[PDB]
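Colleague: I'd like to ask you about the structure that follows.
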Amino acid sequence: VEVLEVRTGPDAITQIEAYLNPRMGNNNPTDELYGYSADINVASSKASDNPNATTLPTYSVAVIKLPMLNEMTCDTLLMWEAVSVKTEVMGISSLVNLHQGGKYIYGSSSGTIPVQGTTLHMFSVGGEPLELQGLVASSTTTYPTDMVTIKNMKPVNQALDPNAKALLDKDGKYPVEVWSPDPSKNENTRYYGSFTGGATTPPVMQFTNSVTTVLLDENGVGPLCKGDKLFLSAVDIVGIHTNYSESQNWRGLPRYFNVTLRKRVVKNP
Amino acid sequence: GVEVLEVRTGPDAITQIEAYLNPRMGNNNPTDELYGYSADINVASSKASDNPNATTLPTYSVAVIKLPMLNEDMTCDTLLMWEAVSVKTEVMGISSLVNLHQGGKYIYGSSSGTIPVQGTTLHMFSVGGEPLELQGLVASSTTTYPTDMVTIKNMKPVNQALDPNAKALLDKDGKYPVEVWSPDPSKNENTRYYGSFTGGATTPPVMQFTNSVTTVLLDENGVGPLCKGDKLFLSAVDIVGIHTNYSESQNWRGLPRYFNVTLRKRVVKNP
Amino acid sequence: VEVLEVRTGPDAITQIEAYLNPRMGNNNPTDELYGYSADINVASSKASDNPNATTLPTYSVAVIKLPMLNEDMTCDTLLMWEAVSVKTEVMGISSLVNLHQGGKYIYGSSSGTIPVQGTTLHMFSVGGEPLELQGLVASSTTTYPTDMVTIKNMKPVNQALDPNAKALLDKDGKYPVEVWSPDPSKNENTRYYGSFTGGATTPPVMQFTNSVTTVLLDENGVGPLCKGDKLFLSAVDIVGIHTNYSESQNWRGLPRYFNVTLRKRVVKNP
Amino acid sequence: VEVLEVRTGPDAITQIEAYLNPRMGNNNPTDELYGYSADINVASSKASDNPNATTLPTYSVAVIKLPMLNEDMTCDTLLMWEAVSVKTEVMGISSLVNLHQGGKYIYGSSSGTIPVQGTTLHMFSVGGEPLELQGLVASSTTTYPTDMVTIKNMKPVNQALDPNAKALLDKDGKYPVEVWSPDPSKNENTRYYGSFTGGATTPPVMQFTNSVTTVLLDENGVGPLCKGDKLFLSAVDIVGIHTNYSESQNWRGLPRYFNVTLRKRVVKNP
Amino acid sequence: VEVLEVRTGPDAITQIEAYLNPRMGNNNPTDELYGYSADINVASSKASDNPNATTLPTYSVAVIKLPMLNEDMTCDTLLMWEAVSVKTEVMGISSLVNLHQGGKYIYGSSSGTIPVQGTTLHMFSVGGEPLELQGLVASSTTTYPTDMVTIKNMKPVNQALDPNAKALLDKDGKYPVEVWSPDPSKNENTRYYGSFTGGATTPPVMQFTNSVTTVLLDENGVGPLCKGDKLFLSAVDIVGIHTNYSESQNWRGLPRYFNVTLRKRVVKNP
Ligand SMILES: CC(=O)N[C@@H]1[C@@H](O)[C@H](O[C@@H]2O[C@H](CO)[C@H](O)[C@H](O[C@]3(C(=O)O)C[C@H](O)[C@@H](NC(C)=O)[C@H]([C@H](O)[C@H](O)CO)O3)[C@H]2O)[C@@H](CO)O[C@H]1O
Ligand SMILES: CC(=O)N[C@@H]1[C@@H](O)[C@H](O[C@@H]2O[C@H](CO)[C@H](O)[C@H](O[C@]3(C(=O)O)C[C@H](O)[C@@H](NC(C)=O)[C@H]([C@H](O)[C@H](O)CO)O3)[C@H]2O)[C@@H](CO)O[C@H]1O
Ligand SMILES: CC(=O)N[C@@H]1[C@@H](O)[C@H](O[C@@H]2O[C@H](CO)[C@H](O)[C@H](O[C@]3(C(=O)O)C[C@H](O)[C@@H](NC(C)=O)[C@H]([C@H](O)[C@H](O)CO)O3)[C@H]2O)[C@@H](CO)O[C@H]1O
Ligand SMILES: CC(=O)N[C@@H]1[C@@H](O)[C@H](O[C@@H]2O[C@H](CO)[C@H](O)[C@H](O[C@]3(C(=O)O)C[C@H](O)[C@@H](NC(C)=O)[C@H]([C@H](O)[C@H](O)CO)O3)[C@H]2O)[C@@H](CO)O[C@H]1O
Ligand SMILES: [Ca+2]
Ligand SMILES: [Ca+2]
Ligand SMILES: [Ca+2]
Ligand SMILES: [Ca+2]
Ligand SMILES: [Ca+2]
């Protein structure tokens, strides 16, 4: 598609908003531990590593249908162009809680250890599914068959196998420990991520309605919405909650999106 | 709601107000021996039995400042509203934490100083022309909260994530717990809020103080919060960590926040 | 006082420099532990908390007398010295880079000792009058030494904001940091800058350079104006806690350097 | 080579993309622990330090061949490819977000395992020729594997700067990071960017995005010029240490993506 | 001297390059632990603190002779070399990425060893004369080696600012960093830059690149001016502490590279 100029005039700009609930493993709102993974089940060896589906955080994705622009035989066409986004991790202050059941900070007269350890934040806004690259800590891990993982794994999958690719086309199915955004593709998606590891690391997060991320690339062009669909993807692992027994559950939070879009002219292909 | 027009120029078009908000850590009465702290945290015996005391739960601070009356005749084609333009804000008494002799848990053995306030911090301030709009989300949906507080009615496990029906307005001081409510980013068009969180149980608190820094409250259209009914809403929480006692019981510690807001007159189309 | 324009011309600009020695508790240069607090004496209970004056870090303050500007206080306009900018430096930072000082071993008795670490507090201010202070304490039941300046007749309200608990930083080595902090509701004529990191064992972080200048002008382009030709420099630089072999502990402080540039500002005679 | 102006016109710009797999020690794709080092083998003493080749992370390097530019090598001027900018990314970062991999429990046997943490080292470079290296080691008495490229006949001087300990990064997976680093006295024709955080258990920190570009032009507006139409990409990305059940440890590395934009630059015929 | 304008035309610019090897205590290139201090020897007591010379890191300093500018010192104006900018780099950073060196195990005897960590101190300066120093120590009762340059007849005042405790950094490997720091009340003809992070076990953090330049010009557009055509480069780069198996400890340092650009400045003949 040849990309032409921005369409001006009345009714040229639109806004959508949405939220994506976390998919930590307990992904059904009636689950007792909704917004958490099930207790982590650990490998006994290199050869034997069978994590349960409910213990693996996956990416969230939502597809937003935008107003229909083209009533298809005119020489040029219009596509929604995502220009900017306000995005927010909601319920951050829910972590400010030392009375929840858990492992004591000191002895049994103290509060309990709050959610801490590894965090992973990502959001993306694109005009099509986020393109993913496969890479795992162990190629001998047996992943649940009901999830989308790398077929026919080999030790090369512990690094870069150019054959290990996927589309983020299903909510709560693509494990974060298997897939990450592919920087060799994604010409029509903007993604932003941050990771801090460790076992007990204090999580750090901001929240404000004062910040906007601009989605335009170096040519001034934002993601272009193929078939008038807008793809929003996220993961927000905010750490690990430890139970009194010392079993552990990933904790995730929902993410809000507010995207501003405008009409962009393209040449009809 | 209303069609916003241009800024009103001329003499006395600008005003400024200052205020402070005391922390509401749980001991919220100034005669409370531990005013400015929570009571000893009472931990849940089980997920089914989680009954935190009201005095153990930090809540948002809110104050409403009545601004001068702007409109003599409410039938005129245009009217004026106070517009919050910028704010200087400051957490006060930061250096009170620089104290190693306060009763508590020794850093090393009985010859050393005591462990100062540390662990989870939560800082937030907001300036708006109406109550800060809130979204409910909890760590555990089976927690029973004190009934004299404002929390989510008839909680279900969905409330551990985003339930679009769990909405509130921050319309009462020392009543909305931080572990239940956070600013709703899907609303608050007429409020500007700023927040920061660092978790953990022993993390060193980090804070700045100065009178050289101003925050501009104008949105991308150059419009600040517009004060409905001439009321300015200031909200805050400033949990600076946890103090640990000799017995290893623990209290949240908060500090008060100062606001200096500059406002101007904005012309609006009469609805 | 109505503030008018900056006065141009030759000799319109002056510069001063000064240093402030820390006041950690041992505040006499003959004190064996000068630049440290005495061993922290800890409260046995909330009710019984009587810190020794020597264990309580206080603010440093110095008044610099500037060249007299007005030989005739009758003119319709007068001049005031305006603090425009400051280069400031915490001196002796590398003195902390020391693993042999007597103390608590990092590991066992074959290792170096634990260096100064834990809670830090850094503040400097430049003003045309004493720094204005707000009182707030960790515990209202603390009995402070009567020879220090602290809150009179404390009540639990002083654990938060009591609008009546105010003071001026008008004496060196007398106003405890744990009681007093800059009052953001005042200080129209002083610029202050403060940094705090808590914890018991936190690694201290400091920079030192002669390349950095802080501009003191407010949003109207006006710096602090020196009343009666007096410039107020205030500071505290608590760089952490030293631990002794017995596990007793001393606050450690460092001195601060100031180099202030001032210009002549015209004001209407009040 | 006298550098002249940028050649304008259609077809004056090209871009390449490449990925470099990590060289942590297990550097064969059929290695069970490909993308890790083997169990670290520790020195028994100062005198006796024989690390296995498989335990020493090395630099990754790839040479990208660019289109031919000059049909006639006798013309007074010639064209070279000039690297202008690069988008680069550490891939598979989220693979670390894994608490079930076999290893060492965080707490007791009911908990998850400790994820990859400790020392990290990230470096990328883009140049028109091999990255120039300087040799320096923690210990000159270490015996390095003979089929790696290390400093010949070390003496204690090699624990600091020995001006004779120089090399070119001209072999993938052969130059250990613990022996070699970018030489700042050379590398006129390469841009290199490096970041190190030490410690035994430090939480790793990484960002990933497709919104960030690094501009490679020097202070004269000239980027790396590709000699013989070759572009050199070099990298190391050690993301920490994995700890096994027995407490043995493996370095963990991640692959790096490059997307480089290049333009035609006129040079005087040498 | 009165400083006039920059001299333009061909050959008005020059560049020099140099490196400075660390002076951690073992300061002779034939020393087995060159680039480290000897095992820290800790004070028996406050009164008996006698650190060994080889345990005390000192500043590095090099004087570079520049081309002679004035063939006639009779002319009304003279030329001086003016240092305009510097590229500087800590070399060998990746040498610390090494878990096999003999030392203390991270966990038990099957794990790697703890890498260099704890207190770091980084400083570089570029000047037209020796860097001016201020004395300040953790303890005035320390007895320093007499073959080092330290504060004469120390008293407790030297635990803070004594305005008489001054020196010039005029000898390499002689001035202890724990005794001397840059004097911000002087150094009008030197630009210095310093960073400190303390703690016992802190992860060291360092970057390396050839993409960063520091401009040495002051607020008036004048860089350091080289008296007698001599350029002074000073540094210290303590990157942390190595812990041995026995738990004895050695400071670790790295060398620093400088690339300085200078131009010709006109000054009035005195
Ligand atoms: C009955 C019997 O003896 N069976 C053994 C079987 O135990 C053994 O498996 C290895 O046993 C060890 C026990 O200490 C570990 O459980 C190995 O798993 C790990 C480890 O923890 O060491 C898992 C870890 O994730 C792996 N590291 C990485 C980076 O993936 C390591 C790693 O492969 C090894 O440590 C080698 O560096 O292994 C477990 O594989 C098998 C295989 O040796 O032999 C049977 O006979
Ligand atoms: C001889 C005798 O029995 N005397 C007791 C006396 O011990 C007791 O005083 C309290 O004793 C406890 C011992 O566990 C502590 O020493 C109390 O001090 C602290 C504490 O460490 O808990 C100091 C601390 O600074 C306070 N917390 C804050 C936030 O300021 C707390 C706090 O007030 C309480 O823990 C309640 O949350 O106290 C010390 O007061 C007295 C009072 O019970 O009774 C005598 O009989
Ligand atoms: C054989 C004999 O009896 N000799 C003693 C000798 O031990 C004693 O010296 C003091 O001993 C104590 C033992 O706990 C400490 O080692 C003192 O050193 C320190 C300390 O660690 O406490 C060193 C430390 O650097 C100092 N602190 C600061 C901030 O400088 C402290 C400090 O001076 C005191 O703790 C006061 O706060 O001292 C060590 O001096 C001497 C003197 O008591 O008597 C001999 O006879
Ligand atoms: C069989 C026998 O008795 N052989 C000895 C042998 O003990 C000794 O070797 C030294 O043994 C000690 C025992 O604690 C250490 O293992 C020494 O290795 C280290 C150390 O851990 O101390 C390794 C470390 O990397 C080195 N430090 C640095 C900064 O490089 C230190 C260092 O050289 C010393 O601690 C001095 O500061 O050594 C190991 O060398 C030898 C040599 O003395 O003598 C045999 O006869
Ligand atoms: Ca591609
Ligand atoms: Ca909305
Ligand atoms: Ca006021
Ligand atoms: Ca060179
Ligand atoms: Ca001076």
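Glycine gets a Cβ as well: all are built from the backbone with ideal geometry, and neighbour counts include every protein chain shown. Every number in this text was worked out from the coordinates using simple rules, so none of it is lab data.
Colleague: Work out the charge dipole of the protein assembly as shown with +1 on the Cβ of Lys and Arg and -1 on the Cβ of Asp and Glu about the Cα centre, then indicate which of C:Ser45, E:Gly25, E:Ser181 is farthest towards its positive end.
Modeller: C:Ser45
Colleague: Over the Cα atoms of the protein assembly as shown, Rg to Rh with Kirkwood Rh, two decimal places? Intermediate values should be presented prior to the final figure.
Modeller: On the way: Rg = 32.4 Å, Rh = 33.9 Å.
Value, to two decimals: 0.96.
Colleague: Have a look at C:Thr214, C:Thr201, C:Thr30 and tell me which one the Gaussian network model of chain C (Cα, springs below 10 Å) gives the largest fluctuation.
Modeller: C:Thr30
Colleague: Now for a separate question. How would you order C:246-252, D:153-159 from highest to lowest mean count of nearby Cβ atoms within 10 Å? The partial results should precede the final answer.
Modeller: Values: C:246-252: 22.7, D:153-159: 19.6.
For the peptides C:246-252, D:153-159, the packing ranking is C:246-252, D:153-159.
Colleague: Let me ask something else. Out of region D:113-173, which trypsin sites (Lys or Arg not before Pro) are coil in DSSP terms and have no more than 10 other C-beta atoms within 10 Å?
Modeller: Working: sites: D:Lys152, D:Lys166, D:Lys171; in loops: D:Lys152, D:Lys171.
Answer by residue number: D:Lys152.
Colleague: To make sure I understand the rule: partners must be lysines, Cα under 20 Å from the Cα of A:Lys226, and not fewer than 8 residues away in the same chain. Which ones qualify?
Modeller: A:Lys65, A:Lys170, A:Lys185, A:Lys263, A:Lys267
Colleague: Could you check the spin-label model distance between D:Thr214 and E:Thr74? Points 7 Å from the Cα along Cα→Cβ, value in nm.
Modeller: The modelled label-to-label distance comes out at 5.7 nm.
Colleague: Need one number: nm distance between label points at B:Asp219 and A:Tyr244, each 7 Å from Cα along Cα→Cβ, rounded to one decimal.
Modeller: If labels sit at B:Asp219 and A:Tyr244, their model points lie 4.8 nm apart.
Colleague: What does the charge add up to near B:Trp252, with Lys and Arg as +1, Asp and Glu as -1, over the other residues with Cβ less than 14 Å from its Cβ?
Modeller: Working: positive: B:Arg24, B:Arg253; negative: B:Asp32, B:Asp40, B:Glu179, B:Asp238.
Every neighbour counted, the sum reads -2.
Colleague: Per residue of region E:246-261, in order, report the coupling 6.51 cos²θ - 1.76 cosθ + 1.60 (Karplus, θ = phi - 60°) as ³J(HN,Hα) in whole Hz, putting x for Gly and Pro.
Modeller: Karplus values, whole Hz, x for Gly and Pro: 6, 6, 5, 9, 10, 4, 10, x, 10, x, 10, 9, 10, 10, 9, 9.
Colleague: For the protein assembly as shown, what is the charge dipole size about the Cα centre, in debye to the nearest 20, if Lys and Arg each add +1 at the Cβ and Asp and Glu each add -1 at the Cβ? Before the final figure, lay out each step's value.
Modeller: Details: 105 positive and 134 negative charges, 264 e Å.
Charge dipole, the protein assembly as shown, about its Cα centre: 1260 debye, nearest 20.
Colleague: Now, a different point. Provide Rg over Rh for region C:32-188; use the alpha carbon set for both Rg and the Kirkwood Rh (inverse mean inverse pair distance).
Modeller: Value, to two decimals: 1.07.
Colleague: Which FRET efficiency value, to the nearest 0.05, is calculated for C:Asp170 and E:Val205 with the Förster distance at 51 angstrom and r the Cβ-Cβ distance? Let's see the in-between values first.
Modeller: On the way: r = 42 Å, r/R0 = 0.82.
Calculated transfer efficiency: 0.75.
Colleague: Same structure again: Please grab the % of Cα pairs in chain D that end up more than 25 Å from each other.
Modeller: Numbers: 18709 of 36315 pairs.
For chain D, the share of Cα pairs beyond 25 Å comes to 52 percent.
Colleague: For region E:184-212, list residues with backbone N below 17 Å from a point placed 7 Å from the Cα of E:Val63 toward its Cβ?
Modeller: Output list for this probe position: E:189-190.
Colleague: Step through the table entries B:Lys156/B:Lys187; E:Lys65/E:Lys174; C:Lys87/C:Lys171; C:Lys87/E:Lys268; B:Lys66/B:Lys269; B:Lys153/C:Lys155, compare each Cα-Cα distance with 26 Å, and write down the pairs that go over it.
Modeller: On the way: B:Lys156/B:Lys187 23 Å; E:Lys65/E:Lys174 21 Å; C:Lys87/C:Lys171 23 Å; C:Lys87/E:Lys268 28 Å; B:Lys66/B:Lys269 22 Å; B:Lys153/C:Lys155 38 Å.
Table pairs above 26 Å Cα-Cα are C:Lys87/E:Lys268; B:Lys153/C:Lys155.
Colleague: Still on this model: Mean projection of the alpha-carbon convex hull of region A:85-126 over all orientations, in nm²? Don't jump to the answer; show the numbers that get you there.
Modeller: Details: hull surface 16.5 nm².
The orientation-averaged projected area of the Cα hull of region A:85-126 comes to 4.1 nm².
Colleague: Okay, next question. In region C:1-108, how does Rg compare with the Kirkwood Rh, expressed as the Rg/Rh ratio over alpha carbon atoms?
Modeller: Numbers: Rg = 22.9 Å, Rh = 19.5 Å.
Over the Cα atoms of region C:1-108, Rg/Rh equals 1.18.
Colleague: Right, here's the next one. Using the Cβ atoms and a cut-off under 11 Å, what net charge is assigned to the surroundings of D:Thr243, where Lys and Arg are +1 and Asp and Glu are -1?
Modeller: Numbers: positive: D:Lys104, D:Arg252; negative: D:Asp39, D:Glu247.
That works out to 0.
Colleague: Rounded to the nearest 0.05, what FRET efficiency do E:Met148 and D:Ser45 have when you use their Cβ-Cβ distance and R0 = 30 Å?
Modeller: So the FRET efficiency works out to roughly 0.45.
Colleague: Could I ask something else about it? Which peptide among B:150-163, C:70-83, C:91-104 comes first, and what is the full order, when sorted by highest mean count of other Cβ atoms within 10 Å? Write out the running numbers ahead of the final one.
Modeller: Details: B:150-163: 20.1, C:70-83: 14.6, C:91-104: 24.1.
Going by the mean number of other Cβ atoms within 10 Å, highest first, we get C:91-104, B:150-163, C:70-83.
Colleague: Can you pull the Kirkwood radius for chain A, inverse mean 1/r over Cα pairs, to one decimal in Å? If you can, show how the numbers build up before the last one.
Modeller: Details: mean 1/r = 0.0493 Å⁻¹.
Roughly 20.3 Å, rounded to one decimal.
Colleague: While we're on this one: Using the Karplus curve 6.51 cos²θ - 1.76 cosθ + 1.60 with θ = phi - 60°, what ³J(HN,Hα) values do you get for each residue of region C:64-79, in whole Hz, with x for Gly and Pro?
Modeller: 9, 7, 8, x, 4, 9, 10, 6, 9, 7, 9, 3, 6, 10, 10, 10
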